[PDB]
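Structure record follows, encoded as structure tokens.
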Amino acid sequence: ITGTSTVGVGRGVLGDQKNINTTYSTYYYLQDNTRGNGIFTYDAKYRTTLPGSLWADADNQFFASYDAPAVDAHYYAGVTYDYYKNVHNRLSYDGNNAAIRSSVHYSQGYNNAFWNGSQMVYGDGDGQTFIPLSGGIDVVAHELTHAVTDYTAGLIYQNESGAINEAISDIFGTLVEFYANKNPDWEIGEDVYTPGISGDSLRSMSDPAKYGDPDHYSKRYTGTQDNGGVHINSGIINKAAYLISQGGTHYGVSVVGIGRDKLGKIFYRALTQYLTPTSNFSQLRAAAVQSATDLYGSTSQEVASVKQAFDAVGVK
Ligand SMILES: N[C@@H](CC(=O)O)C(=O)O
Ligand SMILES: N[C@@H](CC(=O)O)C(=O)O
Ligand SMILES: [Ca+2]
Ligand SMILES: [Ca+2]
Ligand SMILES: [Ca+2]
Ligand SMILES: [Ca+2]
Ligand code: NA
Ligand code: NA
Ligand code: NA
Ligand code: NA
Ligand SMILES: [Zn+2]
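Given below as structure tokens:
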């Protein structure tokens, strides 16, 4: 909408106060004009019609319980935009400052969030398995990274290419979580998963087997569930990325860690310059090796660590 840029204040899903960029025109809208061609947050009003209504508020204060998922979807989209711009010199998900659109209060009791090809969509959860999913910065960044992938490598969402697509979203979701530097970790969705249980999440990158996911190619799932295991076999790549960053010895193979910033540079370059819609895990290894070679040289520690990490998870 056309209107002047304003600064509202509210509370997110976890009760934390934060400022949000809004737009004033009769109402205050969740429209952030400070980033690209805008960040826009919508109310789906417990229905499944999308996007729903651009979020309108009478007084620019967002402290109602019903407001909290919208506050966080809007704010964490901004953090994710900042990460890609400041760390990777990428302007929004398409590299040309596309407007970022999110809808909250999707459906009733909806225990998921997703990117639908055009926008981010967040359920409220059922209160037991999930609370509103935009409360997790890693979840928000995971979803927006699917948009980046769809404008770059275009990894098909099935079998090994789909597992790479998922791992890329977990990797950059986690790197955004570290960038914001509140309570960062290598697990996925802990802030919004199972409010009655401490310490758990949907997936672990440091130990995928904690939640039943493979941590070695010999344990890959080859059935048809979950688009051929895209959220299952992502563990093999998540573990490799964890090892590249943090190091460790896994199934007897030692990896020298090179840290999060270099992990991000290597995988961002692989995503944008080497991967294609049909890339498999072995092609991902090759893309990461060549990306690290471009950045650091063929004889570098960084290239050696990429090779060790893919060796450790059985990807040749
Ligand atoms: N981010 C979504 C991807 C999808 O729409 O399948 C999810 O991982 O649940
Ligand atoms: N954290 C993401 C990943 C997934 O869907 O599996 C989400 O809840 O969508
Ligand atoms: Ca209000
Ligand atoms: Ca965390
Ligand atoms: Ca996390
Ligand atoms: Ca929990
Ligand atoms: Na999705
Ligand atoms: Na995608
Ligand atoms: Na699991
Ligand atoms: Na390929
Ligand atoms: Zn995903």
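Under the authors' numbering, the first residue of the sequence shown carries the number 1, and numbering increases by one thereafter.
A virtual CB, placed ideally from N, CA and C, is assigned to each residue, including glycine.
In chain order, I266, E302, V303 and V306 place their CB closer than 6 Å to the CB of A292, counting only its own chain and leaving out the 5 sequence neighbours on each side. Between the segment 45 to 57 and the segment 222 to 242 there are fewer than three C-beta pairs closer than 8 Å, too few to call the two in contact. Secondary structure at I156: coil, using DSSP grouped into helix, strand and coil. By the rule of a C-beta closer than 5 Å to any heavy atom of ligand 10, the residues picked out are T276, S279 and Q283. In the three-state reduction of the DSSP assignment, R11 falls in the strand class, which pools E and B. Relative to the Cα of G264, the nearest Cα in the group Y274, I168, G212 and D294 belongs to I168.
With 7 Å as the limit, the residues whose C-beta approaches a heavy atom of ligand 1 more closely than that are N112, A113, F114, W115, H142, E143, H146, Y157, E166, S169 and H231, in chain order. Residue environment analysis places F172 among the buried positions, since at least 16 neighbouring C-beta atoms fall within 10 angstroms of its C-beta.
For the 9 Å CB-CB criterion, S198 and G189 do not form a contact. DSSP places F63 in the coil class of the three-state scheme, outside both helix and strand.
By DSSP's assignment, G247 forms no beta bridge with any residue.
DSSP places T41 within a strand segment (E or B) once states are collapsed to three. Beta-bridge partners of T6 (DSSP): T22.
Fewer than three beta-carbon pairs drawn from the segment 59 to 70 and the segment 94 to 101 are found closer than 8 Å, and the two stretches are therefore not classed as touching. In chain order, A56, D57 and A58 place their CB closer than 7 Å to the CB of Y27, counting only its own chain and leaving out the 5 sequence neighbours on each side.
Annotated three-state conformation of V303 is helix, per DSSP. In this structure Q290 is not in contact with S254, their Cβ atoms being roughly 23 Å apart against a cut-off of 8 Å. The beta carbon of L14 lies closer than 6 Å to those of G135 in the same chain, with the five residues before and after it left out. Cβ-Cβ separation between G36 and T23: approximately 14 Å, too far for a contact (criterion under 8 Å). For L271, the Cβ stays outside the 8 Å cut-off from all heavy atoms of ligand 8. Within the DSSP bridge table, the entry for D32 names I39 as partners. Residues of the same chain with a CB within less than 6 Å of the CB of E187, apart from the 5 flanking positions on each side, are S201 and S204 in chain order.
With a cutoff of 9 Å on beta-carbon distance, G8 and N60 are scored as near each other.
Collapsing the DSSP output to three states places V192 in coil.
Judged by DSSP in its simplified three-state form, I197 adopts coil rather than helix or strand. A straight line joining the alpha-carbon of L144 with that of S300 spans about 32 Å. The residue among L271, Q108, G154 and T149 with its C-alpha nearest the C-alpha of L133 is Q108.
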